[PDB]
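Undergrad: Following this: a sequence and the matching experimental structure.
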Amino acid sequence: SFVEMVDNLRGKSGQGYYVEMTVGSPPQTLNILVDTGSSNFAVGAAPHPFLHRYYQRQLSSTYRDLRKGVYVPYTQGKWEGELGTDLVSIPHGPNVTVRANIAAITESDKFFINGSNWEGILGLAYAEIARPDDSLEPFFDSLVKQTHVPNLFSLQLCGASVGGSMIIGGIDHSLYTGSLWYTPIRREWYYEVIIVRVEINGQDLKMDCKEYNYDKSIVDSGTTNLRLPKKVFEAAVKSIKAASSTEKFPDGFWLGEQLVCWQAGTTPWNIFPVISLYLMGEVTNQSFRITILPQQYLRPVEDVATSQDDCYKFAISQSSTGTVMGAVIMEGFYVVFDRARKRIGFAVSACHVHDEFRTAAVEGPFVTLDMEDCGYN
Ligand SMILES: CC(=O)COc1cc2cc(c1)C(=O)N[C@H]([C@H](O)CNCc1cccc(C(C)C)c1)Cc1cccc(c1)OCCCCO2
């Protein structure tokens, strides 16, 4: 019954992917950001300049107040609000209704994005990182516990405005080609994984693999960029600069601040390298890799001039909180969050990226010794 969930996600480039949900009785319809990088279900519940609608608890006969406040600080933005529960449904999802925790946002700071068309956030990660603490059951745990929906979901994020699929409760084989490759979920808080090797244009970055996961590596549909720890980011930017030195760019471009533009249809894709991330596999000493094309980490953006050029932002940036495999990394692929088996699956997506001499790929097996040394402690 998964065909009803294909193409149930929408978005704008760099403003997140959202799914339509309803809360309350009678149903109030809201667009909810799909975020595997957090664990709180939260919606606008008070007027805001960027909100076109919001949750009105007074109009819901099933609303229950929890008489507890809550605040969430993300890497970008923060909000505070009041906790409660209400009935929730996903129109283009499973045909069920769950009573779920809902944080009603009353104040926020650089959280809602002007023109993104979503009004709330659906944190799909685990209770351990829920606010105010791990006793607030996340939505997906409530869904699995109150229905027969199997304990997994999959995300097909399609690039540039944008669309995709969230298959709730299973895997839809028409959304990917080739084999699924699985990496263990290292610990159930974020969707934490272990990166064991990094290559740029086939050259190993030759860093101690601990650097790749200092202090963690997560799969996060709620973050746009590939974010890398300082030492790793510097190494990768140096390698990407050298591969593209045929042309030179402002240093503000390499920091994500300024665009780069080219005459429409003349983007020099071939001078930007491919990035290969090797992930811990399912059997001893075995890994696999996902290969990222520049069409993923050069994010297309609106024209800042009176021209019809093709303009891009560098979508790799620095982090002080570990590696973040953001939406730009996920866009090539079908990503299976197999919570039941504590693993994350990767396969080439049906909406894969098209370079003309190169292709995004998921390839294995590879042999990698001492993979467990790559995890940070
Ligand atoms: C250019 C870049 O890419 C820079 O960095 C970015 C960019 C970015 C969002 C985040 C970070 C962001 O913070 N996104 C969080 C995720 O949940 C974060 N996950 C990890 C995390 C970090 C800190 C604390 C927690 C707790 C709550 C568990 C979790 C979710 C989120 C918050 C606010 C707006 C969002 C989406 O709009 C979606 C469109 C993308 C917005 O662009």
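TA: Arrived safely, thanks for sending. Residues are numbered from 1 along each chain as shown.

Undergrad: need the helices for the chain, in chain order.
TA: 139-146, 230-243, 294-297, 327-330 (DSSP state H).

Undergrad: who wins for proximity to residue 252 among those helices?
TA: Among those, the nearest to residue 252 by C-beta to C-beta is helix 230-243 (12.8 Å). Bear in mind the C-beta positions are built from the backbone N, C-alpha and C, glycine included.

Undergrad: Please put the alpha-carbon coordinates of that closest one into PDB.
TA: C-alpha atoms of helix 230-243 as PDB (Å, rounded to 0.1, in the frame of the first residue of the first chain):
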ATOM      1  CA  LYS A 230      37.200  21.500  11.000                       C
ATOM      2  CA  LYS A 231      40.200  19.400  10.100                       C
ATOM      3  CA  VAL A 232      38.200  17.300   7.600                       C
ATOM      4  CA  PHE A 233      36.500  20.400   6.100                       C
ATOM      5  CA  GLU A 234      39.900  22.100   5.500                       C
ATOM      6  CA  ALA A 235      41.300  19.000   3.900                       C
ATOM      7  CA  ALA A 236      38.300  18.600   1.600                       C
ATOM      8  CA  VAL A 237      38.200  22.300   0.600                       C
ATOM      9  CA  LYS A 238      41.900  22.200  -0.200                       C
ATOM     10  CA  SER A 239      41.400  19.100  -2.400                       C
ATOM     11  CA  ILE A 240      38.300  20.500  -4.200                       C
ATOM     12  CA  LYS A 241      40.100  23.900  -4.700                       C
ATOM     13  CA  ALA A 242      43.100  22.200  -6.400                       C
ATOM     14  CA  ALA A 243      40.800  20.000  -8.600                       C
END
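
Undergrad: Buried deepest among the helices of the chain, which one?
TA: Ranked by mean neighbour count under mean count of other C-beta atoms under 10 Å, the helices of the chain are led by helix 327-330, which reaches a mean of 28.

Undergrad: Counting by contacts, list what it packs against.
TA: strand 153-158, helix 294-297 (3 or more C-beta pairs under 8 Å, 6 or more residues apart in numbering; DSSP states H and E).

Undergrad: now the strands for the stretch 201-350 of the chain?
TA: Counting by DSSP state E, counting those that start in this stretch, one finds strands in the stretch 201-350 of the chain at the ranges 203-204, 217-219, 226-229, 260-263, 275-280, 286-292, 298-301, 309-314, 316-319, 323-325, 333-338, 343-349.

Undergrad: Same list as before, those that is, but in CSV and with distance to residue 133 included.
TA: Listed next are these as CSV, based on distance: least, C-beta to C-beta, whole Å:
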stretch, distance to residue 133
strand 203-204, 41
strand 217-219, 20
strand 226-229, 26
strand 260-263, 44
strand 275-280, 29
strand 286-292, 34
strand 298-301, 35
strand 309-314, 36
strand 316-319, 25
strand 323-325, 23
strand 333-338, 23
strand 343-349, 25
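
Undergrad: To residue 13, which of those strands lies closest?
TA: So among the strands of the stretch 201-350 of the chain, strand 298-301 is nearest, using C-beta to C-beta, at 6.2 Å.

Undergrad: Distance to residue 186 added to the helices and strands packed on helix 327-330, as JSON lines?
TA: Listed next are those as JSON lines, based on distance: least, C-beta to C-beta, whole Å:
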{"stretch": "strand 153-158", "distance to residue 186": "19"}
{"stretch": "helix 294-297", "distance to residue 186": "24"}
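
Undergrad: Need the ones you listed in JSON lines (columns: distance to the ligand).
TA: Below are these laid out as JSON lines (distance: least, C-beta to the nearest ligand atom, whole Å):
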{"stretch": "strand 153-158", "distance to the ligand": "12"}
{"stretch": "helix 294-297", "distance to the ligand": "11"}
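
Undergrad: Quick check: buried residues in stretch 33-49?
TA: For stretch 33-49, a neighbour-count test (16 or more other C-beta atoms under 10 Å) marks 33-45, 48 as buried.

Undergrad: what distance separates the start and the end of that stretch?
TA: 18 Å (C-alpha to C-alpha, to the nearest Å).

Undergrad: Give me the distance between the closest residue to residue 221 other than its chain neighbours and the ligand.
TA: Leaving aside its sequence neighbours, residue 221 sits nearest to residue 36 (C-beta to C-beta, 6 or more residues apart in numbering; 4.6 Å). Look at residue 36 and the ligand: by C-beta to the nearest ligand atom, to the nearest Å, they are 8 Å apart.

Undergrad: before we move on, what about residue 163?
TA: Distance, residue 163 to the ligand, using C-beta to the nearest ligand atom: 15 Å.

Undergrad: Begin at 32, not 1, for the rest of this chat.
TA: Okay, residue one is now 32; in that scheme the one you just asked about reads as residue 194.

Undergrad: Tell me how many other residues crowd that residue.
TA: 16 (other C-beta atoms under 10 Å).

Undergrad: That one: what's it in contact with?
TA: 38, 40, 41, 42 (C-beta atoms under 8 Å, 6 or more residues apart in numbering).

Undergrad: returning to that earlier point: could I get the strands of the stretch 232-381 of the chain as JSON lines with distance to residue 406 and mean neighbour count?
TA: Converted to JSON lines, the strands of the stretch 232-381 of the chain look like this (distance: least, C-beta to C-beta, whole Å; neighbours: other C-beta atoms under 10 Å):
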{"stretch": "strand 234-235", "distance to residue 406": "19", "mean neighbour count": "12"}
{"stretch": "strand 248-250", "distance to residue 406": "9", "mean neighbour count": "26"}
{"stretch": "strand 257-260", "distance to residue 406": "14", "mean neighbour count": "24"}
{"stretch": "strand 291-294", "distance to residue 406": "36", "mean neighbour count": "14"}
{"stretch": "strand 306-311", "distance to residue 406": "8", "mean neighbour count": "24"}
{"stretch": "strand 317-323", "distance to residue 406": "13", "mean neighbour count": "22"}
{"stretch": "strand 329-332", "distance to residue 406": "30", "mean neighbour count": "19"}
{"stretch": "strand 340-345", "distance to residue 406": "28", "mean neighbour count": "20"}
{"stretch": "strand 347-350", "distance to residue 406": "17", "mean neighbour count": "20"}
{"stretch": "strand 354-356", "distance to residue 406": "12", "mean neighbour count": "27"}
{"stretch": "strand 364-369", "distance to residue 406": "20", "mean neighbour count": "24"}
{"stretch": "strand 374-380", "distance to residue 406": "15", "mean neighbour count": "24"}
